[PDB]
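Structural description and commentary
So you can see what is in the structure, the chains are spelled out below.
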Amino acid sequence: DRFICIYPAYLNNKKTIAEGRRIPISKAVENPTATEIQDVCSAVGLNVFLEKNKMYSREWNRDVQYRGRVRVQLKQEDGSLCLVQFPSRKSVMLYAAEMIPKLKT
RNA sequence: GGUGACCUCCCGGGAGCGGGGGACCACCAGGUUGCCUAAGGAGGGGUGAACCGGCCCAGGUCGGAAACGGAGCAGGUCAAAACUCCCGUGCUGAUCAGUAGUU
């Protein structure tokens, strides 16, 4: 239950910083989905679980392609980093951003 | 000096979110002014909706165990998106009396 949250808004290049986004547009992507996010995180060997029915507070678009939240574990609950490659939320996001595009395209 | 946006960094957080460094843009107030006008007030208003302003936001809604918060509707509201009318100012058609002043 002590896992960092991650909304797809954080990575969406068609959203302003005030609309949620957490990473520079240059590194961001178009319309990332919680599904896409979970898949690229898990596939690197991260412990991730997907909450299909959480919405972003700042998200306004009531249709399914923008719903969803991805929870990720960084820590084994002895305080140590599950992985050394992923110390921070930002380190997660930037990676997901880097990996999502190799899927569909 | 102010407002609103937008971009890019840190920092704290399980969320909504919290702390802080830069960059840029728009507008505002009112303090000096000009290689400035034919004349250019630092006026007065109104719209600000079907989503585009900003603010306050019932409900609802998203996040939350909750506190509370986000986004924001109906309604209210504006020194400060944008739009627009009026006043002033400048040129510029025109009207009336057959009015004069003087023939």
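Each chain carries its own residue count, beginning from 1 and running in the order its sequence is written; this scheme need not agree with the entry numbering, and residues with no coordinates do not appear. Working convention: letters from A go to chains and numbers from 1 go to ligands, in the order in which they are written. As shown, the structure covers only some chains of a larger assembly, and all values describe those chains. Based on all heavy atoms of the structure, the side-chain values leave hydrogens and waters out of the count. Residues with missing side-chain atoms are left out of burial classes, side-chain pairs and their counts.

Method of determination, as annotated in the archive: cryo-EM, at 3.75 Å resolution.

A closer look at a positive patch on the surface
For patches, a residue must show more than 30% relative accessible area and have no salt bridge; joins then use 9 Å for like charges and 5 Å for nonpolar side chains, namely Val, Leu, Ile, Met, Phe, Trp and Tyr. To measure how exposed things are, a 1.4 Å probe is used in the Shrake-Rupley method; for residues, cover is taken only from the protein chains shown. Counted as salt bridges are all cases of a side-chain nitrogen of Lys or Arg within 4 Å of a carboxyl oxygen of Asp or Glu. For the purpose of counting charges, residues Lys and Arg are taken to be positive, whereas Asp and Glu are taken to be negative. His and the chain ends are not included. Think of each charge as sitting on NZ of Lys, CZ of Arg, CG of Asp or CD of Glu. A cluster of basic residues, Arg2, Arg22, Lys27, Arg58, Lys75, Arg89 and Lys90, forms a positive patch at the surface. Strands here mean DSSP runs of E at least two residues long; helices mean DSSP runs of H or I at least four residues long; both are numbered from the N terminus. Residue placement: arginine 22 occurs in the segment before α1 (34–42). On the accessibility criterion, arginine 22 (40% relative accessible area) is partly exposed. Classification of residues uses two cut-offs on accessible area relative to the type maximum, computed with a 1.4 Å probe and protein chains only: under 20% is buried, over 50% is exposed, and between them is partly exposed.

Remarks on the environment of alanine 9
In this fold, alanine 9 is placed in the segment before α1. When its relative accessible area of 6% is taken as the criterion, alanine 9 is described as buried. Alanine 9 sits 50 residues away from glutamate 59 along the chain, and the two C-alpha atoms are 7.6 Å apart. The criterion used for residue contact is that any of the two residues' heavy atoms lie within 4.5 Å. Once residues within four sequence positions are removed from consideration, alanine 9 is found in contact with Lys15, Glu19, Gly20, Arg21 and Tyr56.

Section: the protein's contact with RNA strand B
Close to RNA strand B lie 24 residues; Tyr10, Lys54, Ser57, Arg62 and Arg69 are nearest. Consider each residue's heavy atoms; a residue with any of them within 4 Å of a molecule or strand counts as near. A share of 80% is what sugar and phosphate atoms reach among the atoms of RNA strand B within 4 Å of the protein. Two N or O atoms count as a polar contact when they lie within 3.5 Å, although within protein this holds only if one can serve as hydrogen donor and the other as acceptor, and sequence-adjacent residues are included solely when both atoms are side-chain atoms. Take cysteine 5: an N or O atom from its main chain is 3.0 Å from a phosphate oxygen of RNA strand B. Between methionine 55 and RNA strand B, the recorded distance is 2.7 Å, taken from a backbone N or O atom to a phosphate oxygen.

Some points on the nonpolar core
In this text, buried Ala, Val, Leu, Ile, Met, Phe, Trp, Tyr and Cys residues form a nonpolar core when linked through side-chain atoms within 4.5 Å. In this structure, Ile6, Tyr10, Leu11 and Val72 are the most contacted members of the largest nonpolar core, which totals 26 residues. Sorting the residues of this core by element identifies α1, β2 (69–72) and α2 (89–99) as the ones contributing at least two each. At 5 residues, the largest contribution of residues to this core is made by α2. Every residue in contact with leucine 11, bar those within four places of it in the chain, is listed here: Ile23, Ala28, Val29, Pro32, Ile37, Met93, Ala96, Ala97 and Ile100.

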